[PDB]
RNA sequence: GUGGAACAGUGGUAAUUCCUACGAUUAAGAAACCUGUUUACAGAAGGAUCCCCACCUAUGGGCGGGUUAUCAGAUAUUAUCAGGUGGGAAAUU
RNA sequence: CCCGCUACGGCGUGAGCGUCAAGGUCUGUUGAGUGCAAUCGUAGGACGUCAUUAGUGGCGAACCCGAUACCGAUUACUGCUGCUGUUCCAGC
């Protein structure tokens, strides 16, 4: 891997390093798509690697949907995110969490977003350089139907 | 040249795209001169230029105006009576089969006279007029009878008086003229079964009946040729003691299990012909078999017709206690395949009673899927005659639009054994299938009933428990061939079959197309892909060898491929041998097994094998190859019908531990069945040679499997390919066709198990007919 | 045996001959800078009269005799500067090499000709040209949105 | 499994059965 | 322990089958681009809004790569949905020497999370 | 994917400084090369054999791909390689190959002399041979000097960009190229675009038709333009790296 | 009556001789053209081993929280590619 | 036709079903499938025939190109095969 680009801008990342790319997703990508300043949302960030325990991460998601104050009238949004081959494990920690929630006669309102990194690698030949593309899954889940975030580019689920 | 804005540029280019699309549409509209070319290629009729009725009714008015814009014989005194004899015979036959009574045997044989037929049809009507007794009086208006032979084989059926001498040598399907007007059929066995549809349907049946997900249709195969026998234990009314024994004698200990007794699912497997005369047992590979049971004791077994005659002969040899039931002209099944086959099948039938099997089948019919259902799906019920509908209609309830696997879990536990097995007992017994024809009506009668409903009251005919012919209907799943087969009595099949493809997403199958379906699903086929058995080897080898030899000797010199002079085939070209491995045509397993026993004798003689220089001293390859050529030259004079040469190994590897005098070929060689997919460029063909990778240059084939390339960026295979020796052959491909569902080439091969345990890797190279290239691929085991 | 003729799609591209003014480096921007516009005096008969003169001065007389048997311009519009030339299947080599050596028109100089698509039928060439222009609209829309 | 079926299209059909057979 | 698997339920109508691609793990990327392009060419004849791209398991990542290609480079509006998938598996429960595939088959359910990806015209 | 390996650098001597117009014209013509659609670009630079080679290490190449073209390499989506054609006529003030081959990538030559062709085929481990298609043919092409050099690995190069210069030069161009085709045995023919202006760039369909009507078959032309071009690129790259 | 040479009539039969390689695209269907690589899954769905801290018991161990390394058949490659192409009359109102 | 609001016929969703109509479409097209009508070019090897001055050179033809598929009949040409008839030449 020669280099990792996001939104056609040169970045210093490593695909084999999970922590740096998860902090880059947390610090740069989500403020580029959602702004928490001009509204009353309480966003709890969480990233998922493929080495994570499913039950422990779902139990961590069981405390982030009821973490903020209920008296202030703040709507509580959980922003779960992953990139590449970890996303599948994310999906388990997504849907089992939904399996832990719809039995109590309640609903999850869900927003999905798909973007990508563009990495440069050497191909089969030295003169031929391959451009590979790594997908990113960003899911915002909440118990409220209408959220004042800029979520026009998302997908309502 | 002058620079322009972005919006003006994209607007001008979009207007140019719209102008080109409008110009192409205007050229396509001006290119058509009639609406007769507006039809799709499937529905184009050559008669439609003459008469208007072939054209759809929306298009007929433009067809009428374009057709208007574009615009009892001499017979002598003898041949007139010769023509009136046939017309009088047809009229008396219609009146006799319509009014009350059955068919005389003298009219059936049709080998004595026609005047005796006229006298007999005159006498039967007068005897019905003068007296009520002494009449073999039927149960319906249409000429349906019961062709059921108890303890003996079924004879030639009666059929119809007009088309009787046309049934003198071979018998017919119940949809014989129907298939004849719409498909190419072949006369091979005693029936005449279909070969292929008239319109080209290779890729069509591949996409609609295939294993592909985009299979929006239904495909129906007339499988009336598959013969079944019904066996029941007459000795004891209690539990069946001799049934498990005779199943363990007919088949192996693979199809006689307790699970198949409990869950009663049909199993298709391999049957082998046993023979015990006095203290000795000789087992030969026989072919395919379908076994089905009714809760403990009664069994239906259905398989290939010549194999059916052989199994019926072996079963009639030992017929001491149990009563056999031959069903060749009283029971037949048709095979539906695809995604919407269940929906069209539920569209073709309706219910006569609220029962559980109707609910289970209608819940199966909505999911539009095959393999998500479990192994056992054997539904049976009582239904109406499908001539009541005569229109393409589907019936679907609300069901709240929900499909889950929790309903599929109710299919494995809640199974209505009693009513389904009662329908089985109705179809097995000859009395209930005879009672089923108690209210069969003519097409005029059902048209009159439809007119009565149109006068009194919707497009239907209602059910009456007293005077409507409630039929038994059985729809079961067949596992490995991935297709739903539905079985029914012989004269009942046609009112079901005619309403099937009038659903506008249902087409008919030929046996060539069925071979394509069996080739697509990695499955096997008996006349072609079974070379190990006796009948398959004899049929395939003899017929394809004679056909290809006549085709090769028929061509003039210098236009066909010359098998005699092909240079650079193997490394170190052996003397007195300039041709290709074995026979050039249809796969000579004799050459392969003699060469395998020769290499085995060389390995038993010494730790290594030498290359080159009454039976001479075998020390290398060419002494074995000259013995092969001498045995071929001897068997060209006298045909071989003594023993086989290549059995299977998959029944031998598990238990018999595949264990193998001046002998060269007495003990045969066992094989496993493989399916190899091409990883290199190229496609396989029929009768292809399967080699093995030698001890050298294995890393070269591993690098070619990983990657080899010219610096342009694409794959490269214009390199010096290393040639292995002659004895590195390990198998034969019978069926070679470019596999469209994989995107590569599939070759159904049969390789030695010892050669399979020699190499630690599953890499197999293939060589075509008359082509000197070697192509690498990987195989998977066929457990069929 | 019928009239097996081959149609050739060509496009007139104007290179940005300007050394004193700077240039921008992008994909759809240089597609805008090369696919600018055709000049005023460009029609079917003008392009035919220019290509016959280039056929005469470059390839000669008997080569022009073999070329001009079925040499016609079937479709051309000056708004997009794309044209379709009918020719024989044997002299398609000669027609493409004549399209290559097109140096200048008698009114406007400084231009190159790009032969893009050759096939034996015009209906597939129109279908390929609509897809190629759709790809051009995709590149333009991608650089216009960002 | 090839399209060129010598035995099937001539010897085994009912239309070309009157023709001389491919084994002959 | 020997266990075998089966594919999943596909409840589809006449119009849902010609506009849906199911992405395997062995499916090439450029082949998937060609098939979704052919579906976008034929969806005007089929007369529906979107082309569906469904994947489960190992293909999901490269399935998302499909949504990473047509959204940016061809300006297509995509919708991402996360669904559950029930899969029946035949397992052998121990209760002579019989062939390995011919043993007691018991059905067991297993859930897999998967991605549906709708592409507009 | 295509390789265009004969674009000249607007400078002939090291004493002459490249003006600002020439760099912009080179950016124009390389953007015109990418406009029709190319993959590889190997720009060429001309030196004389009578010129005194500098005794430097990081100053042998006045091309500077990294500082000028390093931005266009990232923006446009292509890459550049540096190569030298050697205008050699007489064996004097020369015989130095161990230093010029390490800095640059591909080493070419331009013999115009009878003994120059012999000393090029004998003691020059070069990649491509170039003849002056603009001026006249030197003496006579034979199979004896060509077949001993093509079988070694050195390819013969045809410059289709020199044809769009003048009217009178086209006749001598065709007379040189057809001589190269009849002497080359249709194997070692690599073609390149010698354009100095953006008005002289052509696409694969016209150039393939040109080389087809000049006398090379369609198999050998396209097979050459892919395989032999990308093979001599890796030949230069492995002479650099290994 | 026989053998050889030539011609004529009828019946049957076959037609690119066969194989191999190559023929521009992140603008991912441009050698002239078509089809194919969609019944979605690595028994990774509460996956396995392991790090630190606190708890209870002791001959083994288990639970709770946090960052989180390794593993998923040839330790590899996600972005390539394959096959075929007018016939005995397709002609004849 | 079922669900929610409203209640005189009404309204909103099911990517649900049945009937009817529409020159809106039919690459829904075929182990070739075009429709201002694709069915290619070159190199190497294997085989056959004919002519040679040193050993190679030329040739693999002709009829015709469909337009949904199939079968039978007729017509145009090359080569092979059996029969028949004719002419010429001898073995005794």
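Computed from the coordinates by the stated procedures, all read-outs in this text should not be read as laboratory data. Here the Cβ is made from the backbone with ideal geometry for all residues, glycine too, and neighbour counts use every protein chain on show.
What number of residues in region B:769-784 are part of a strand (DSSP E or B) and either over 25 Å from the mean Cα position of the chain (by Cα) or loosely packed, with under 14 Cβ neighbours inside 10 Å (or both)?
6
Name the residues in region A:96-142 that are away from chain E (no Cβ under 11 Å) and in contact with a helix residue (DSSP H, G or I) (Cβ under 7 Å, 6 or more places away or on another chain), would you?
A:100, A:126, A:127
Select the helices (runs of 4 or more DSSP H) contained entirely in region B:138-251, then report the ones holding at least 3 residues which are over 27 Å from residue B:302 (Cα atoms). Show your work before the answer.
Numbers: elements: B:176-182, B:202-208, B:241-250.
So the answer is B:202-208.
Return yes or no: is residue E:66 within 10 Å of another protein chain (Cβ to nearest Cβ), surrounded by 14 or more Cβ atoms within 10 Å (Cβ to Cβ) and part of a helix (DSSP H, G or I)?
So residue E:66 fits the description; yes.
Can you work out which of the residues in region F:36-77 that are over 21 Å from the mean Cα position of the chain (by Cα) and facing chain C (nearest Cβ under 9 Å) is nearest to RNA strand G (Cβ to nearest atom)?
F:77
(1) part of a helix (DSSP H, G or I); (2) within 16 Å of RNA strand H (Cβ to nearest atom); (3) farther than 22 Å from residue B:216 by Cβ: which one isn't true of residue E:79, the others all being true?
(1)
Are any residues in region A:59-91 in a helix (DSSP H, G or I) and crowded, with 18+ Cβ neighbours inside 10 Å, and if so, which ones?
Answer for region A:59-91, where residues must be in a helix (DSSP H, G or I) and crowded, with 18+ Cβ neighbours inside 10 Å: A:61, A:64, A:84, A:86, A:87, A:88, A:89, A:90, A:91.
Can you tell me which of (1) within 16 Å of RNA strand H (Cβ to nearest atom); (2) within 17 Å of the chain's Cα centre (by Cα) is the one residue F:159 doesn't meet?
(1) is the only condition that residue F:159 fails.
With a cut-off of at least 3 residues that are facing chain F (nearest Cβ under 9 Å), buried (at least 16 other Cβ atoms within 10 Å of the Cβ) and away from RNA strand H (no atom under 16 Å from the Cβ), name the helices (runs of 4 or more DSSP H) lying wholly within region C:1-74.
In region C:1-74, the matching helices (runs of 4 or more DSSP H) lie at C:27-34.
Residues in region C:89-146 that are surrounded by fewer than 16 Cβ atoms within 10 Å (Cβ to Cβ) and under 29 Å from residue C:58 (Cα atoms): how many?
Total meeting the criteria: 11.
Any residue in region B:224-238 that is within 14 Å of chain E (Cβ to nearest Cβ) and over 20 Å from residue B:335 (Cα atoms)? Steps first, answer last, please.
The first filter runs over region B:224-238 and keeps only residues within 14 Å of chain E (Cβ to nearest Cβ), leaving none.
No, region B:224-238 has no match at all.
Consider residue B:530 carefully, then state whether it is touching a strand residue (DSSP E or B) at 6+ places or on another chain (Cβ under 7 Å) and facing chain D (nearest Cβ under 10 Å).
no
Here are some residues: B:453, B:409. Which one is within 16 Å of RNA strand G (Cβ to nearest atom) and surrounded by 13 or more Cβ atoms within 10 Å (Cβ to Cβ)?
The conditions single out B:409.
I'd like the residue in region B:29-50 that is assigned to a helix (DSSP H, G or I) and within 16 Å of RNA strand G (Cβ to nearest atom) and, out of all such residues, is farthest from the other protein chains (Cβ to nearest Cβ).
Once the filter is applied, the top-ranked residue is B:49.
Tell me the residue from F:218, F:193 that is within 16 Å of RNA strand G (Cβ to nearest atom), within 14 Å of chain C (Cβ to nearest Cβ) and in contact with a strand residue (DSSP E or B) (Cβ under 6 Å, 6 or more places away or on another chain), please.
F:193
Considering only residues that are within 22 Å of residue E:73 (Cα to Cα), in a loop (DSSP other than H, G, I, E, B), more than 9 Å from every other protein chain (Cβ to nearest Cβ) and more than 8 Å from RNA strand H (Cβ to nearest atom), which ones fall in region E:7-61?
E:23, E:27
So how many residues does region B:718-746 have that are touching a strand residue (DSSP E or B) at 6+ places or on another chain (Cβ under 9 Å) and either part of a strand (DSSP E or B) or over 30 Å from residue B:206 (Cα atoms) (or both)? Give the steps one after another, and end with the answer.
Taking region B:718-746 and keeping what is touching a strand residue (DSSP E or B) at 6+ places or on another chain (Cβ under 9 Å), we get B:724, B:728-739, B:742, B:744-746.
Going one step further and asking which of them are either part of a strand (DSSP E or B) or over 30 Å from residue B:206 (Cα atoms) (or both), we end up with B:724, B:728-739, B:744-746.
The total comes to 16.
For region B:54-82, name all the residues that are under 25 Å from residue B:507 (Cα atoms) and either within 16 Å of RNA strand G (Cβ to nearest atom) or in contact with a helix residue (DSSP H, G or I) (Cβ under 8 Å, 6 or more places away or on another chain) (or both).
If the condition is that a residue be under 25 Å from residue B:507 (Cα atoms) and either within 16 Å of RNA strand G (Cβ to nearest atom) or in contact with a helix residue (DSSP H, G or I) (Cβ under 8 Å, 6 or more places away or on another chain) (or both), then B:54, B:55, B:59 are the ones that fit.
Among the residues of chain D, write down those that are assigned to a helix (DSSP H, G or I) and facing chain B (nearest Cβ under 8 Å). If you could, list the steps in order and put the result at the bottom.
First, pick out the residues of chain D that are assigned to a helix (DSSP H, G or I): D:6-11.
Within chain D, D:6, D:7, D:8, D:11 qualify.
Which condition number in (1) within 14 Å of chain F (Cβ to nearest Cβ); (2) under 22 Å from residue F:204 (Cβ atoms); (3) under 14 Å from the mean Cα position of the chain (by Cα) is the one that residue C:81 fails?
Single failed check for residue C:81: (1).
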